[PDB]
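Below you'll find only one chain, the form solved without ligand SAH, shown as structure tokens.
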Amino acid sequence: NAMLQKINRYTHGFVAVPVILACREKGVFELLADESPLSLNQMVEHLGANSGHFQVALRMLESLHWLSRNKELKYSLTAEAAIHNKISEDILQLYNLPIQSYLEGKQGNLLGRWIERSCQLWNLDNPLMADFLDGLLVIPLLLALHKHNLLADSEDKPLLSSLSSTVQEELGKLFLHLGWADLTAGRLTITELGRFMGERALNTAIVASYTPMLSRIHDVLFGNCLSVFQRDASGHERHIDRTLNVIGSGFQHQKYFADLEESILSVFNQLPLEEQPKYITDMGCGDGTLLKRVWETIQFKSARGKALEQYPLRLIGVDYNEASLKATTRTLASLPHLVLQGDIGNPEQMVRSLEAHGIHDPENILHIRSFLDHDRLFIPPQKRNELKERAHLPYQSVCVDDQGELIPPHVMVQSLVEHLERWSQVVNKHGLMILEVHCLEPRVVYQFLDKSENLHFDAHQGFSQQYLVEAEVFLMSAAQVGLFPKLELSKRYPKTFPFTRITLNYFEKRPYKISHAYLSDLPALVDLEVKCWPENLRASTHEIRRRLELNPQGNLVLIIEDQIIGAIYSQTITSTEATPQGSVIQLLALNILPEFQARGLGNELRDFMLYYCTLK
């Protein structure tokens, strides 16, 4: 895990370096030295920038602690940004080197001078930034080496044995400098780090697939972004190498697929075999690996796996891309299966396509999906009054429309709620299992800079017009449309740190909603105090009104008939007197109408609130 840290620095630099160089040459850092505290729009106007893409770049610089952002939302330089002058722009040549030919012995001493500058730490006094620049050298080469498994043991043929004398010599120097090899027994031999790097090479396939977009990021930020992102004459994407991207998604999503085992077993060990689903529909099936791995868990480890004849099961793969449809059919050629054109954004049309293929009982479907709700077509929000209720919440996401302009976070969140509302209307008693990936706040990304992927991942999702939100905002959006996690099956990653980047939730429909408490709700929250406490132990309308304005996202409400049945308030005060910890006051106040206690709604609200607080 202290080796993933090295990989993480490489993938960070792969994205960060061209963003840094584009901003430098446009004048971003000079502008902030001349005029300081500037808002986003002040900089957009001075630079002629695309405001959405430029906000993605600002978030990344804040996450490096190169910029700070004040309470008026105005940016200024920090002292760490000064290293930006030392970076040489010709490093950008590494994105197009012909690495495969070089490994074939057909390009001479191509990497010699780059490897020498890496041995000098790129003439920076900053080892961290030297690692960032190393990523532009390492990642294309790692992927090329993985092609032919060149970065592997003395499997009767020693380390660099199959290559030309020139490339043995240049790669031998790099590997020894990176710690990928050592001189055991007088020969060049792989180390643990070098074996680890070869095995994990495909973790870098996703940032590498964005190379066309990254080598044009000047135009994304400051030019006609549409000459990027516009599609082929054959209809393929130009900002990305989609076939390498999918190979990368697949390799990386595997370790989360296995953790779906407990949820899948809980469904197919469920007592009456007759009440189990008849179909498993994976929306965004890609290459079909998740459906295959699911099918094998059921066949060989579940009760239903012993009753496939009385109780047939059929896998259904939905995807928008023709190539994924063809790939899934091959992966699932041995299994009972159906494959359909369809879209994450249109679950009703998926239901209509299922009928055309003979499936008229969609109430017997278990729905699953991984890493796809963020990659949907933006549909602007249509519930205008609901949009205005949430306009004051401090959401911390960044999303770009197809004109390069910033989508306001509350508009994006209202659009996610309407998207999950469409899904809740086709979900049935068997529920909906979702793996999803989330963004973080810049202050948190810097504190854990090389413990997580967010610095580069959140950037290239932002640039490519995909829509990440915080773990707990996704959770709150499902609950506002009546979908709730089965808490004992949920998982959050990374398990060992106080932030959440990935969530696994098996959502369940329930006959209520959970929402934030707003100011319009204040009468009903006052009455809830009268109905829940004796007159001496009641909170004051002053106190309650405080809680709604200090912590608008710290107070949850359970609604039934447009009636507020219960409310829960969390508040924490830290003393202002003078990693370690000082004087604090912590308060958690649950109100539930006597009417509804026996059903346990108090328990369900309290338990939801504790998991929401853990995701935060």
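One rule holds for the numbers: they count along the sequence shown, beginning at 1.
Not pictured, yet referred to below: the form solved in complex with ligand SAH.
**Item:** Pocket open vs blocked [ligand SAH transferred in the bound PDB entry by site C-alpha superposition; 2.4 Å, backbone or C-beta, 3 atoms]
**Value:** Blocked, going by where ligand SAH lands after superposition on the site C-alphas.
**Item:** Interface membership of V294, ligand SAH in the bound PDB entry, 4.5 Å heavy atom rule
**Value:** Taking the distances in the bound PDB entry, the answer for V294 is no, it never comes within 4.5 Å of ligand SAH.
**Message:** Just checking whether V220 would be counted as a contact of ligand SAH in the bound PDB entry - the rule being heavy atoms within 4.5 angstroms.
**Reply:** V220 lies outside the contact set for ligand SAH.
**Asked** Looking at the partner-bound form in the bound PDB entry, is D343 within 4.5 Å of ligand SAH by any heavy atom?
**Response** Although ligand SAH is absent here, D343 would touch it in the bound PDB entry, with heavy atoms inside 4.5 Å.
**Prompt:** Taking 4.5 angstroms as the cut-off for heavy atoms, does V138 touch ligand SAH in the bound PDB entry?
**Reply:** Heavy-atom contact with ligand SAH at 4.5 Å: absent for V138.
**ligand SAH in the bound PDB entry: contacting segment from 508-516, 329-337, 483-491, 276-284, heavy atom within 4.5 Å** = One stretch meets the cut-off, namely 276-284.
**Request:** Taking 4.5 Å between heavy atoms as the contact cutoff, choose which of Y320, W122, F499, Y95 touches ligand SAH in the bound PDB entry.
**Result:** Of the listed residues, the single hit is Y320.
**Item:** Contact residue in the bound PDB entry, from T166, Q107, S464, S324 (heavy atom within 4.5 Å of ligand SAH)
**Value:** Filtering the options by heavy-atom distance leaves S324.
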